[PDB]
Structures are given as structure tokens and as C-alpha cells.
$ cat target-v5.cif   # mmCIF, C-alpha atoms
data_input
#
loop_
_atom_site.group_PDB
_atom_site.id
_atom_site.type_symbol
_atom_site.label_atom_id
_atom_site.label_comp_id
_atom_site.auth_asym_id
_atom_site.auth_seq_id
_atom_site.Cartn_x
_atom_site.Cartn_y
_atom_site.Cartn_z
ATOM 1 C CA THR A 1003 3.655 37.665 38.634
ATOM 2 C CA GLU A 1004 2.801 41.281 39.569
ATOM 3 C CA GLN A 1005 -0.514 40.845 37.755
ATOM 4 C CA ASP A 1006 -1.317 37.965 40.118
ATOM 5 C CA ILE A 1007 -0.564 40.135 43.152
ATOM 6 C CA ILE A 1008 -2.849 43.173 42.612
ATOM 7 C CA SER A 1009 -5.420 40.833 41.027
ATOM 8 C CA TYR A 1010 -5.624 39.022 44.375
ATOM 9 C CA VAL A 1011 -5.622 42.295 46.346
ATOM 10 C CA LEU A 1012 -8.392 43.689 44.114
ATOM 11 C CA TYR A 1013 -10.341 40.422 44.222
ATOM 12 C CA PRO A 1014 -9.443 37.955 47.045
ATOM 13 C CA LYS A 1015 -12.235 35.279 46.821
ATOM 14 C CA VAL A 1016 -12.835 35.738 43.092
ATOM 15 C CA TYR A 1017 -9.142 35.408 42.213
ATOM 16 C CA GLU A 1018 -8.680 32.357 44.444
ATOM 17 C CA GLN A 1019 -11.691 30.675 42.824
ATOM 18 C CA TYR A 1020 -10.290 31.367 39.350
ATOM 19 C CA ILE A 1021 -7.079 29.543 40.356
ATOM 20 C CA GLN A 1022 -9.145 26.622 41.711
ATOM 21 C CA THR A 1023 -10.927 26.440 38.330
ATOM 22 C CA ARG A 1024 -7.686 26.772 36.292
ATOM 23 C CA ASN A 1025 -6.050 23.830 38.172
ATOM 24 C CA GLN A 1026 -9.139 21.760 37.454
ATOM 25 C CA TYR A 1027 -10.035 22.658 33.867
ATOM 26 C CA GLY A 1028 -7.026 24.404 32.278
ATOM 27 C CA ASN A 1029 -7.266 27.448 30.011
ATOM 28 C CA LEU A 1030 -10.942 27.888 29.058
ATOM 29 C CA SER A 1031 -10.436 31.122 27.000
ATOM 30 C CA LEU A 1032 -9.698 28.978 23.986
ATOM 31 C CA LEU A 1033 -13.023 27.173 23.824
ATOM 32 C CA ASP A 1034 -15.505 28.689 21.419
ATOM 33 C CA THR A 1035 -18.467 30.279 23.198
ATOM 34 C CA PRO A 1036 -21.199 27.739 22.249
ATOM 35 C CA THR A 1037 -18.933 24.944 23.539
ATOM 36 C CA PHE A 1038 -18.092 27.007 26.645
ATOM 37 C CA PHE A 1039 -21.813 27.402 27.517
ATOM 38 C CA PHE A 1040 -23.360 24.187 26.207
ATOM 39 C CA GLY A 1041 -20.605 21.607 25.822
ATOM 40 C CA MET A 1042 -21.125 19.226 22.923
ATOM 41 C CA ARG A 1043 -23.811 17.244 21.129
ATOM 42 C CA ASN A 1044 -23.570 13.525 20.227
ATOM 43 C CA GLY A 1045 -21.628 12.981 16.985
ATOM 44 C CA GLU A 1046 -20.259 16.551 17.084
ATOM 45 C CA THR A 1047 -16.640 17.397 16.315
ATOM 46 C CA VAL A 1048 -14.994 20.569 17.639
ATOM 47 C CA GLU A 1049 -11.736 22.354 16.745
ATOM 48 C CA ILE A 1050 -9.998 24.137 19.628
ATOM 49 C CA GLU A 1051 -7.206 26.460 18.471
ATOM 50 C CA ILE A 1052 -4.267 26.226 20.893
ATOM 51 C CA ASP A 1053 -1.410 27.926 19.002
ATOM 52 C CA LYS A 1054 -0.455 28.534 15.365
ATOM 53 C CA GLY A 1055 -0.815 25.125 13.671
ATOM 54 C CA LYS A 1056 -1.863 23.499 16.957
ATOM 55 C CA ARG A 1057 -5.432 22.391 17.602
ATOM 56 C CA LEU A 1058 -7.558 19.892 19.502
ATOM 57 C CA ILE A 1059 -9.962 17.779 17.459
ATOM 58 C CA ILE A 1060 -12.559 16.435 19.918
ATOM 59 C CA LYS A 1061 -15.459 14.228 18.830
ATOM 60 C CA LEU A 1062 -18.135 13.188 21.306
ATOM 61 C CA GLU A 1063 -19.472 9.778 20.359
ATOM 62 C CA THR A 1064 -22.041 9.016 23.110
ATOM 63 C CA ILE A 1065 -22.702 9.323 26.821
ATOM 64 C CA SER A 1066 -23.599 6.207 28.792
ATOM 65 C CA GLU A 1067 -26.302 5.812 31.424
ATOM 66 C CA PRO A 1068 -25.273 6.772 34.959
ATOM 67 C CA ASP A 1069 -23.730 3.652 36.489
ATOM 68 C CA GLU A 1070 -24.473 2.559 40.085
ATOM 69 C CA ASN A 1071 -22.532 5.643 41.307
ATOM 70 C CA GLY A 1072 -24.161 8.286 39.097
ATOM 71 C CA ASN A 1073 -21.017 8.212 36.955
ATOM 72 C CA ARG A 1074 -21.777 8.420 33.238
ATOM 73 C CA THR A 1075 -19.174 7.407 30.678
ATOM 74 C CA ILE A 1076 -18.466 9.803 27.822
ATOM 75 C CA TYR A 1077 -16.945 8.166 24.768
ATOM 76 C CA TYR A 1078 -14.660 10.658 23.082
ATOM 77 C CA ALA A 1079 -12.236 10.743 20.171
ATOM 78 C CA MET A 1080 -9.432 13.249 20.649
ATOM 79 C CA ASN A 1081 -6.943 13.777 17.821
ATOM 80 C CA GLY A 1082 -7.690 10.334 16.369
ATOM 81 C CA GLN A 1083 -7.618 8.542 19.710
ATOM 82 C CA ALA A 1084 -10.274 6.588 21.627
ATOM 83 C CA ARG A 1085 -10.816 8.141 25.028
ATOM 84 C CA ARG A 1086 -13.102 7.659 28.029
ATOM 85 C CA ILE A 1087 -14.104 10.229 30.622
ATOM 86 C CA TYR A 1088 -16.287 9.508 33.626
ATOM 87 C CA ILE A 1089 -18.462 12.341 34.930
ATOM 88 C CA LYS A 1090 -20.506 12.625 38.125
ATOM 89 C CA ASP A 1091 -24.087 13.261 37.058
ATOM 90 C CA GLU A 1092 -25.472 15.963 39.367
ATOM 91 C CA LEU B 370 21.413 -10.254 9.885
ATOM 92 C CA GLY B 371 18.748 -12.864 9.209
ATOM 93 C CA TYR B 372 15.954 -12.234 6.719
ATOM 94 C CA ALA B 373 13.066 -9.736 6.533
ATOM 95 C CA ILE B 374 9.755 -9.735 4.622
ATOM 96 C CA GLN B 375 7.329 -6.944 3.711
ATOM 97 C CA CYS B 376 3.761 -7.017 2.464
ATOM 98 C CA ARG B 377 1.088 -4.349 2.380
ATOM 99 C CA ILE B 378 -2.542 -4.439 3.512
ATOM 100 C CA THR B 379 -4.907 -2.544 1.192
ATOM 101 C CA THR B 380 -8.665 -2.224 0.606
ATOM 102 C CA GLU B 381 -8.257 -4.343 -2.522
ATOM 103 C CA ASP B 382 -10.613 -7.309 -2.884
ATOM 104 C CA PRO B 383 -8.775 -10.201 -4.607
ATOM 105 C CA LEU B 384 -12.182 -11.647 -5.650
ATOM 106 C CA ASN B 385 -12.790 -8.558 -7.835
ATOM 107 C CA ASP B 386 -9.661 -7.609 -9.867
ATOM 108 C CA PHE B 387 -8.168 -5.836 -6.789
ATOM 109 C CA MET B 388 -10.599 -2.879 -6.751
ATOM 110 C CA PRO B 389 -9.915 -0.324 -3.982
ATOM 111 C CA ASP B 390 -12.936 -0.570 -1.654
ATOM 112 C CA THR B 391 -14.432 2.552 -0.028
ATOM 113 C CA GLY B 392 -16.154 2.537 3.372
ATOM 114 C CA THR B 393 -15.883 2.915 7.149
ATOM 115 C CA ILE B 394 -13.598 0.697 9.223
ATOM 116 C CA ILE B 395 -15.729 -0.364 12.198
ATOM 117 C CA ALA B 396 -13.270 -2.850 13.722
ATOM 118 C CA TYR B 397 -9.473 -2.621 13.582
ATOM 119 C CA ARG B 398 -7.201 -4.936 15.557
ATOM 120 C CA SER B 399 -3.569 -5.589 14.575
ATOM 121 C CA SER B 400 -0.772 -7.877 15.770
ATOM 122 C CA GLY B 401 2.450 -6.641 17.308
ATOM 123 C CA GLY B 402 5.227 -8.956 18.474
ATOM 124 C CA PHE B 403 9.002 -9.208 18.705
ATOM 125 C CA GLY B 404 10.518 -8.631 15.265
ATOM 126 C CA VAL B 405 7.230 -7.402 13.800
ATOM 127 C CA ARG B 406 6.781 -3.888 12.441
ATOM 128 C CA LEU B 407 3.389 -2.301 11.744
ATOM 129 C CA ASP B 408 3.547 0.998 9.851
ATOM 130 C CA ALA B 409 -0.045 2.245 9.888
ATOM 131 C CA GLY B 410 -1.771 4.468 7.312
ATOM 132 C CA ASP B 411 -5.508 4.242 6.629
ATOM 133 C CA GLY B 412 -6.256 1.342 9.004
ATOM 134 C CA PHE B 413 -7.455 2.526 12.422
ATOM 135 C CA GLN B 414 -10.541 2.179 14.681
ATOM 136 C CA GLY B 415 -12.554 5.124 13.309
ATOM 137 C CA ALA B 416 -12.501 7.273 10.150
ATOM 138 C CA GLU B 417 -13.472 5.971 6.686
ATOM 139 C CA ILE B 418 -11.474 5.535 3.484
ATOM 140 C CA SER B 419 -11.356 8.072 0.667
ATOM 141 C CA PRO B 420 -11.065 6.558 -2.835
ATOM 142 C CA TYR B 421 -8.547 9.271 -3.822
ATOM 143 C CA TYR B 422 -5.250 7.779 -2.544
ATOM 144 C CA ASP B 423 -3.252 4.589 -3.113
ATOM 145 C CA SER B 424 -4.945 2.293 -0.602
ATOM 146 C CA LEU B 425 -2.727 1.393 2.356
ATOM 147 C CA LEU B 426 -4.250 0.093 5.586
ATOM 148 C CA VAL B 427 -1.101 -1.256 7.261
ATOM 149 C CA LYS B 428 2.424 -1.913 6.059
ATOM 150 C CA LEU B 429 3.538 -5.166 7.692
ATOM 151 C CA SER B 430 7.107 -6.406 8.148
ATOM 152 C CA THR B 431 8.741 -9.356 9.976
ATOM 153 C CA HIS B 432 12.329 -10.314 10.889
ATOM 154 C CA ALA B 433 14.228 -13.391 12.214
ATOM 155 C CA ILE B 434 17.511 -15.298 11.665
ATOM 156 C CA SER B 435 16.081 -17.517 8.936
ATOM 157 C CA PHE B 436 13.706 -17.003 6.012
ATOM 158 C CA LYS B 437 11.383 -19.746 7.331
ATOM 159 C CA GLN B 438 11.281 -18.253 10.830
ATOM 160 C CA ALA B 439 10.473 -14.808 9.428
ATOM 161 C CA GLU B 440 7.821 -16.339 7.143
ATOM 162 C CA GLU B 441 6.107 -18.041 10.104
ATOM 163 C CA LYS B 442 6.255 -14.692 11.925
ATOM 164 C CA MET B 443 4.553 -13.149 8.899
ATOM 165 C CA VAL B 444 1.678 -15.636 8.623
ATOM 166 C CA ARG B 445 0.953 -15.454 12.374
ATOM 167 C CA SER B 446 0.649 -11.660 12.288
ATOM 168 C CA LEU B 447 -1.455 -11.894 9.122
ATOM 169 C CA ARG B 448 -3.711 -14.393 10.895
ATOM 170 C CA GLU B 449 -3.984 -12.112 13.946
ATOM 171 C CA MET B 450 -5.046 -9.237 11.641
ATOM 172 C CA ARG B 451 -8.670 -8.129 11.924
ATOM 173 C CA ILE B 452 -10.341 -5.508 9.743
ATOM 174 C CA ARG B 453 -14.091 -5.382 9.083
ATOM 175 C CA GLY B 454 -16.014 -2.672 7.224
ATOM 176 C CA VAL B 455 -13.953 -2.945 4.064
ATOM 177 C CA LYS B 456 -12.494 -5.858 2.088
ATOM 178 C CA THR B 457 -8.762 -6.655 2.443
ATOM 179 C CA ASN B 458 -6.008 -8.512 0.566
ATOM 180 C CA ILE B 459 -5.159 -10.551 3.726
ATOM 181 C CA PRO B 460 -6.554 -13.923 2.507
#
$ encode --input "target-v5.cif" --output "C-alpha cells"
Amino acid sequence: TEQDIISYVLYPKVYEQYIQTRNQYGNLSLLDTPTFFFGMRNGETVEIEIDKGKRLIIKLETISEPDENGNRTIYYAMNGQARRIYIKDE
Amino acid sequence: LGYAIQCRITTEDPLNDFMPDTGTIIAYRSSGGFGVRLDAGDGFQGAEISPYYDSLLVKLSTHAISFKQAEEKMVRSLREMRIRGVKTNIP
């Protein structure tokens, strides 16, 4: 769009980096601020409003120890569905 | 075309006048199979059971050309059924 264009002209590196982030993590506007800054606590459930009548119900169960790659396993439950996400521990 | 059988899995304990048990399901594993239908309600891996609704864990149904063949499809899937955390009418 036109917004894209002057955005990039106004802010070359910054705009590019925002696109990089968007590809990776999707639309972050919709996360509540505490979740945006701190993530989630064990046993916590979070509602993310996506649209009218549409929301994400995420529960974080536990995080595993870093395996022999520094990859921890996060056990999630998203909209009543067992889910596993592996994160590089920095 | 053939015969079909339904029965329902509930949190009713046959050893206690079929009282609707309340508690968390900690282990849920069902069957599946050709000519088997599992309509699920309260029975899943996580969340617990409220006492405030007609108890229905899974609605189970089987189908084959003969009554005996559909009955042996029914027992097998009932035997494969595994729910712990609450009592069930499976036995």
C-alpha cells in the first residue's frame, strides 16, 4: 500500500525490521501489554481478542529443561488442544 | 444397510446407583476404526467435569453388515477406551 511506501521512505531500517518481525511473529498489537512484555507464567491462561467473537485461549502448562541443544519444550494448550513449542534458550 | 449400535459413556458409576461423578480427566484415550463413530462431549485430555449438565463423555457408535459383527466392533472399541480421573459406565 501507499502507507507502506512513505513508511519505508520515512524509516528504511526500522520499517524493514518491522516486516522481519511481522513475518516471524504475526500481529503483536493484539496481545495485552503484560503478555507483550513478560510472556506467561506456568498454569496461566490468556485470552487474545482477534475479532468480534474470535479469540485465542492459550494456557501454558510447563517449560522443560533445555535439552542437549539449549532447546526447551513449552507445553501449551491452545483452544482446547495439546501443543508443543521448542524455544532456543539464549 | 447392515446394523448399527449406540451407547453413551458417562461419569456414572454403576457400583453407586449411577451417580454423576465430578472431577478432572487426567488421561483420555479413545478408539477409532472403520465403521466406528466417536461423538465427543465432556471426555478430553484436559478440563474437568461440571456437575451441572447431563453427563456425556463420549457417544459411541458402530456399524457392519450383521448385528454380531457390529457388536464385536462395539466391544473392541469399548475395551480400547481409557478414561481415568473419573468413574465410567464402560464396565
$ residues_near_point --input "target-v5.cif" --point "(-11.4, -0.7, -3.5)" --cutoff "9 Å" --atoms "only C-alpha atoms" --output "JSON list (two decimals) with C-alpha atoms, in the coordinates of the input"
[["chain", "number", "residue", "atom", "x", "y", "z"],
["B", 379, "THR", "CA", -4.91, -2.54, 1.19],
["B", 380, "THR", "CA", -8.66, -2.22, 0.61],
["B", 381, "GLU", "CA", -8.26, -4.34, -2.52],
["B", 382, "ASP", "CA", -10.61, -7.31, -2.88],
["B", 387, "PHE", "CA", -8.17, -5.84, -6.79],
["B", 388, "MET", "CA", -10.60, -2.88, -6.75],
["B", 389, "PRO", "CA", -9.91, -0.32, -3.98],
["B", 390, "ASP", "CA", -12.94, -0.57, -1.65],
["B", 391, "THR", "CA", -14.43, 2.55, -0.03],
["B", 392, "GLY", "CA", -16.15, 2.54, 3.37],
["B", 420, "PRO", "CA", -11.06, 6.56, -2.84],
["B", 424, "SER", "CA", -4.94, 2.29, -0.60],
["B", 455, "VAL", "CA", -13.95, -2.94, 4.06],
["B", 456, "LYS", "CA", -12.49, -5.86, 2.09],
["B", 457, "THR", "CA", -8.76, -6.66, 2.44]]
$ axis_aligned_box --input "target-v5.cif" --around "region 389-399 of chain B" --padding-each-side "5 Å" --output "AutoDock Vina command-line options"
--center_x -9.9 --center_y -1.3 --center_z 5.8 --size_x 22.6 --size_y 18.5 --size_z 29.5
$ atom_distance --input "target-v5.cif" --atom1 "CA of residue 460 (chain B)" --atom2 "CA of residue 406 (chain B)"
19.4 Å
$ interface_residues --input "target-v5.cif" --of "chain A" --to "chain B" --cutoff "9 Å" --atoms "all atoms listed in the file" --output "PyMOL selection string"
chain A and resi 1079+1082-1084
$ residues_around --input "target-v5.cif" --residues "region 1050-1060 of chain A" --least-positions-apart "3" --cutoff "10 Å" --atoms "all atoms listed in the file" --output "ChimeraX atom specification"
/A:1029,1031-1034,1037,1042,1046-1047,1063,1078-1083,1085
$ residues_near_point --input "target-v5.cif" --point "(6.8, -9.0, 5.5)" --cutoff "12 Å" --atoms "all atoms listed in the file" --output "PyMOL selection string"
chain B and resi 372-378+404-408+427-433+436-447
$ write_last_selection --input "target-v5.cif" --atoms "C-alpha atoms" --output "mmCIF file, in the frame of the given file"
data_model
loop_
_atom_site.group_PDB
_atom_site.id
_atom_site.type_symbol
_atom_site.label_atom_id
_atom_site.label_comp_id
_atom_site.auth_asym_id
_atom_site.auth_seq_id
_atom_site.Cartn_x
_atom_site.Cartn_y
_atom_site.Cartn_z
ATOM 1 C CA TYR B 372 15.954 -12.234 6.719
ATOM 2 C CA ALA B 373 13.066 -9.736 6.533
ATOM 3 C CA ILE B 374 9.755 -9.735 4.622
ATOM 4 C CA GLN B 375 7.329 -6.944 3.711
ATOM 5 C CA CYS B 376 3.761 -7.017 2.464
ATOM 6 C CA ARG B 377 1.088 -4.349 2.380
ATOM 7 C CA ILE B 378 -2.542 -4.439 3.512
ATOM 8 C CA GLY B 404 10.518 -8.631 15.265
ATOM 9 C CA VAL B 405 7.230 -7.402 13.800
ATOM 10 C CA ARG B 406 6.781 -3.888 12.441
ATOM 11 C CA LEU B 407 3.389 -2.301 11.744
ATOM 12 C CA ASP B 408 3.547 0.998 9.851
ATOM 13 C CA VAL B 427 -1.101 -1.256 7.261
ATOM 14 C CA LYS B 428 2.424 -1.913 6.059
ATOM 15 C CA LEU B 429 3.538 -5.166 7.692
ATOM 16 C CA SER B 430 7.107 -6.406 8.148
ATOM 17 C CA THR B 431 8.741 -9.356 9.976
ATOM 18 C CA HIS B 432 12.329 -10.314 10.889
ATOM 19 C CA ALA B 433 14.228 -13.391 12.214
ATOM 20 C CA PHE B 436 13.706 -17.003 6.012
ATOM 21 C CA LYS B 437 11.383 -19.746 7.331
ATOM 22 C CA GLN B 438 11.281 -18.253 10.830
ATOM 23 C CA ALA B 439 10.473 -14.808 9.428
ATOM 24 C CA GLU B 440 7.821 -16.339 7.143
ATOM 25 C CA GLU B 441 6.107 -18.041 10.104
ATOM 26 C CA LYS B 442 6.255 -14.692 11.925
ATOM 27 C CA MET B 443 4.553 -13.149 8.899
ATOM 28 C CA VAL B 444 1.678 -15.636 8.623
ATOM 29 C CA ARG B 445 0.953 -15.454 12.374
ATOM 30 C CA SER B 446 0.649 -11.660 12.288
ATOM 31 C CA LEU B 447 -1.455 -11.894 9.122
#
$ closest_residue --input "target-v5.cif" --among "A:1048, A:1043, A:1024, A:1009" --to "residue 1076 (chain A)" --atoms "all atoms listed in the file"
A:1043
$ atom_distance --input "target-v5.cif" --atom1 "CA of residue 402 (chain B)" --atom2 "CA of residue 449 (chain B)"
10.7 Å
$ resolve_selection --input "target-v5.cif" --expression "the PyMOL selection byres ((chain A and resi 1065-1073) around 9)" --output "list in words"
residues 1044, 1062, 1063, 1064, 1074, 1075, 1076, 1077, 1078, 1088, 1089, 1090, 1091 and 1092 of chain A
$ closest_residue --input "target-v5.cif" --among "A:1045, A:1017, A:1025, A:1039" --to "residue 1005 (chain A)" --atoms "only C-alpha atoms"
A:1017
$ atom_distance --input "target-v5.cif" --atom1 "CA of residue 1011 (chain A)" --atom2 "CA of residue 1030 (chain A)"
23.1 Å
$ closest_residue --input "target-v5.cif" --among "B:403, B:411, B:423, B:396" --to "residue 452 (chain B)" --atoms "only C-alpha atoms"
B:396
$ residues_around --input "target-v5.cif" --residues "residue 1007 (chain A)" --least-positions-apart "6" --cutoff "12 Å" --atoms "all atoms listed in the file" --output "mmCIF file with C-alpha atoms, in the frame of the given file"
data_model
loop_
_atom_site.group_PDB
_atom_site.id
_atom_site.type_symbol
_atom_site.label_atom_id
_atom_site.label_comp_id
_atom_site.auth_asym_id
_atom_site.auth_seq_id
_atom_site.Cartn_x
_atom_site.Cartn_y
_atom_site.Cartn_z
ATOM 1 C CA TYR A 1013 -10.341 40.422 44.222
ATOM 2 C CA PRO A 1014 -9.443 37.955 47.045
ATOM 3 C CA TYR A 1017 -9.142 35.408 42.213
ATOM 4 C CA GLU A 1018 -8.680 32.357 44.444
#
$ resolve_selection --input "target-v5.cif" --expression "the PyMOL selection byres ((chain B and resi 454) around 6)" --output "list in words"
residues 393, 394, 395, 453 and 455 of chain B
$ build_atoms --input "target-v5.cif" --residues "region 371-404 of chain B" --atoms "N, CA and C atoms" --output "PDB file, in the frame of the given file"
ATOM      1  N   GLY B 371      20.002 -12.165   9.446  1.00  0.00           N
ATOM      2  CA  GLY B 371      18.748 -12.864   9.209  1.00  0.00           C
ATOM      3  C   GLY B 371      18.053 -12.400   7.945  1.00  0.00           C
ATOM      4  N   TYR B 372      16.746 -12.628   7.878  1.00  0.00           N
ATOM      5  CA  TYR B 372      15.954 -12.234   6.719  1.00  0.00           C
ATOM      6  C   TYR B 372      14.748 -11.412   7.167  1.00  0.00           C
ATOM      7  N   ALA B 373      14.208 -10.610   6.252  1.00  0.00           N
ATOM      8  CA  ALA B 373      13.066  -9.736   6.533  1.00  0.00           C
ATOM      9  C   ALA B 373      12.094  -9.716   5.358  1.00  0.00           C
ATOM     10  N   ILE B 374      10.798  -9.677   5.656  1.00  0.00           N
ATOM     11  CA  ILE B 374       9.755  -9.735   4.622  1.00  0.00           C
ATOM     12  C   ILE B 374       8.762  -8.590   4.791  1.00  0.00           C
ATOM     13  N   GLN B 375       8.405  -7.932   3.689  1.00  0.00           N
ATOM     14  CA  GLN B 375       7.329  -6.944   3.711  1.00  0.00           C
ATOM     15  C   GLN B 375       6.165  -7.328   2.810  1.00  0.00           C
ATOM     16  N   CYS B 376       4.965  -7.020   3.286  1.00  0.00           N
ATOM     17  CA  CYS B 376       3.761  -7.017   2.464  1.00  0.00           C
ATOM     18  C   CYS B 376       2.859  -5.890   2.940  1.00  0.00           C
ATOM     19  N   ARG B 377       1.940  -5.483   2.078  1.00  0.00           N
ATOM     20  CA  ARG B 377       1.088  -4.349   2.380  1.00  0.00           C
ATOM     21  C   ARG B 377      -0.385  -4.730   2.398  1.00  0.00           C
ATOM     22  N   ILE B 378      -1.103  -4.223   3.398  1.00  0.00           N
ATOM     23  CA  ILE B 378      -2.542  -4.439   3.512  1.00  0.00           C
ATOM     24  C   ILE B 378      -3.274  -3.257   2.879  1.00  0.00           C
ATOM     25  N   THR B 379      -4.176  -3.560   1.950  1.00  0.00           N
ATOM     26  CA  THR B 379      -4.907  -2.544   1.192  1.00  0.00           C
ATOM     27  C   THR B 379      -6.396  -2.878   1.209  1.00  0.00           C
ATOM     28  N   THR B 380      -7.229  -1.958   0.729  1.00  0.00           N
ATOM     29  CA  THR B 380      -8.665  -2.224   0.606  1.00  0.00           C
ATOM     30  C   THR B 380      -9.006  -2.891  -0.727  1.00  0.00           C
ATOM     31  N   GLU B 381      -8.054  -3.640  -1.270  1.00  0.00           N
ATOM     32  CA  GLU B 381      -8.257  -4.343  -2.522  1.00  0.00           C
ATOM     33  C   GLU B 381      -8.838  -5.716  -2.248  1.00  0.00           C
ATOM     34  N   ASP B 382      -9.920  -6.028  -2.963  1.00  0.00           N
ATOM     35  CA  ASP B 382     -10.613  -7.309  -2.884  1.00  0.00           C
ATOM     36  C   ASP B 382     -10.061  -8.199  -3.995  1.00  0.00           C
ATOM     37  N   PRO B 383      -9.323  -9.250  -3.628  1.00  0.00           N
ATOM     38  CA  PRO B 383      -8.775 -10.201  -4.607  1.00  0.00           C
ATOM     39  C   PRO B 383      -9.844 -10.892  -5.472  1.00  0.00           C
ATOM     40  N   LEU B 384     -11.062 -11.009  -4.944  1.00  0.00           N
ATOM     41  CA  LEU B 384     -12.182 -11.647  -5.650  1.00  0.00           C
ATOM     42  C   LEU B 384     -12.824 -10.738  -6.708  1.00  0.00           C
ATOM     43  N   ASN B 385     -12.249  -9.551  -6.905  1.00  0.00           N
ATOM     44  CA  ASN B 385     -12.790  -8.558  -7.835  1.00  0.00           C
ATOM     45  C   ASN B 385     -11.689  -7.674  -8.444  1.00  0.00           C
ATOM     46  N   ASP B 386     -10.755  -8.305  -9.159  1.00  0.00           N
ATOM     47  CA  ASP B 386      -9.661  -7.609  -9.867  1.00  0.00           C
ATOM     48  C   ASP B 386      -8.875  -6.566  -9.045  1.00  0.00           C
ATOM     49  N   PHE B 387      -8.854  -6.744  -7.723  1.00  0.00           N
ATOM     50  CA  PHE B 387      -8.168  -5.836  -6.789  1.00  0.00           C
ATOM     51  C   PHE B 387      -8.665  -4.382  -6.874  1.00  0.00           C
ATOM     52  N   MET B 388      -9.983  -4.206  -6.781  1.00  0.00           N
ATOM     53  CA  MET B 388     -10.599  -2.879  -6.751  1.00  0.00           C
ATOM     54  C   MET B 388     -10.464  -2.277  -5.352  1.00  0.00           C
ATOM     55  N   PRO B 389     -10.069  -1.002  -5.271  1.00  0.00           N
ATOM     56  CA  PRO B 389      -9.915  -0.324  -3.982  1.00  0.00           C
ATOM     57  C   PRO B 389     -11.268   0.021  -3.363  1.00  0.00           C
ATOM     58  N   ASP B 390     -11.652  -0.733  -2.335  1.00  0.00           N
ATOM     59  CA  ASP B 390     -12.936  -0.570  -1.654  1.00  0.00           C
ATOM     60  C   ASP B 390     -12.996   0.727  -0.844  1.00  0.00           C
ATOM     61  N   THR B 391     -14.184   1.328  -0.794  1.00  0.00           N
ATOM     62  CA  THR B 391     -14.432   2.552  -0.028  1.00  0.00           C
ATOM     63  C   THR B 391     -15.499   2.294   1.034  1.00  0.00           C
ATOM     64  N   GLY B 392     -15.229   2.732   2.261  1.00  0.00           N
ATOM     65  CA  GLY B 392     -16.154   2.537   3.372  1.00  0.00           C
ATOM     66  C   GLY B 392     -15.529   2.795   4.730  1.00  0.00           C
ATOM     67  N   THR B 393     -16.338   2.674   5.781  1.00  0.00           N
ATOM     68  CA  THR B 393     -15.883   2.915   7.149  1.00  0.00           C
ATOM     69  C   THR B 393     -15.334   1.643   7.782  1.00  0.00           C
ATOM     70  N   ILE B 394     -14.153   1.758   8.388  1.00  0.00           N
ATOM     71  CA  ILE B 394     -13.598   0.697   9.223  1.00  0.00           C
ATOM     72  C   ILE B 394     -14.290   0.769  10.579  1.00  0.00           C
ATOM     73  N   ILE B 395     -14.971  -0.313  10.947  1.00  0.00           N
ATOM     74  CA  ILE B 395     -15.729  -0.364  12.198  1.00  0.00           C
ATOM     75  C   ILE B 395     -15.005  -1.175  13.272  1.00  0.00           C
ATOM     76  N   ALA B 396     -14.090  -2.036  12.831  1.00  0.00           N
ATOM     77  CA  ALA B 396     -13.270  -2.850  13.722  1.00  0.00           C
ATOM     78  C   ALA B 396     -11.854  -2.985  13.169  1.00  0.00           C
ATOM     79  N   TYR B 397     -10.886  -2.475  13.925  1.00  0.00           N
ATOM     80  CA  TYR B 397      -9.473  -2.621  13.582  1.00  0.00           C
ATOM     81  C   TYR B 397      -8.686  -3.161  14.770  1.00  0.00           C
ATOM     82  N   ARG B 398      -8.108  -4.343  14.583  1.00  0.00           N
ATOM     83  CA  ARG B 398      -7.201  -4.936  15.557  1.00  0.00           C
ATOM     84  C   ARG B 398      -6.016  -5.555  14.816  1.00  0.00           C
ATOM     85  N   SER B 399      -4.811  -5.147  15.212  1.00  0.00           N
ATOM     86  CA  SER B 399      -3.569  -5.589  14.575  1.00  0.00           C
ATOM     87  C   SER B 399      -2.818  -6.599  15.439  1.00  0.00           C
ATOM     88  N   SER B 400      -1.577  -6.889  15.063  1.00  0.00           N
ATOM     89  CA  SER B 400      -0.772  -7.877  15.770  1.00  0.00           C
ATOM     90  C   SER B 400       0.146  -7.230  16.802  1.00  0.00           C
ATOM     91  N   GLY B 401       1.375  -6.951  16.386  1.00  0.00           N
ATOM     92  CA  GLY B 401       2.450  -6.641  17.308  1.00  0.00           C
ATOM     93  C   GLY B 401       3.214  -7.927  17.559  1.00  0.00           C
ATOM     94  N   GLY B 402       4.381  -7.806  18.181  1.00  0.00           N
ATOM     95  CA  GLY B 402       5.227  -8.956  18.474  1.00  0.00           C
ATOM     96  C   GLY B 402       6.684  -8.650  18.207  1.00  0.00           C
ATOM     97  N   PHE B 403       7.567  -9.379  18.885  1.00  0.00           N
ATOM     98  CA  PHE B 403       9.002  -9.208  18.705  1.00  0.00           C
ATOM     99  C   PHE B 403       9.419  -9.493  17.262  1.00  0.00           C
ATOM    100  N   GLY B 404      10.068  -8.511  16.646  1.00  0.00           N
ATOM    101  CA  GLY B 404      10.518  -8.631  15.265  1.00  0.00           C
ATOM    102  C   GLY B 404       9.393  -8.452  14.265  1.00  0.00           C
TER     103      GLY B 404
END
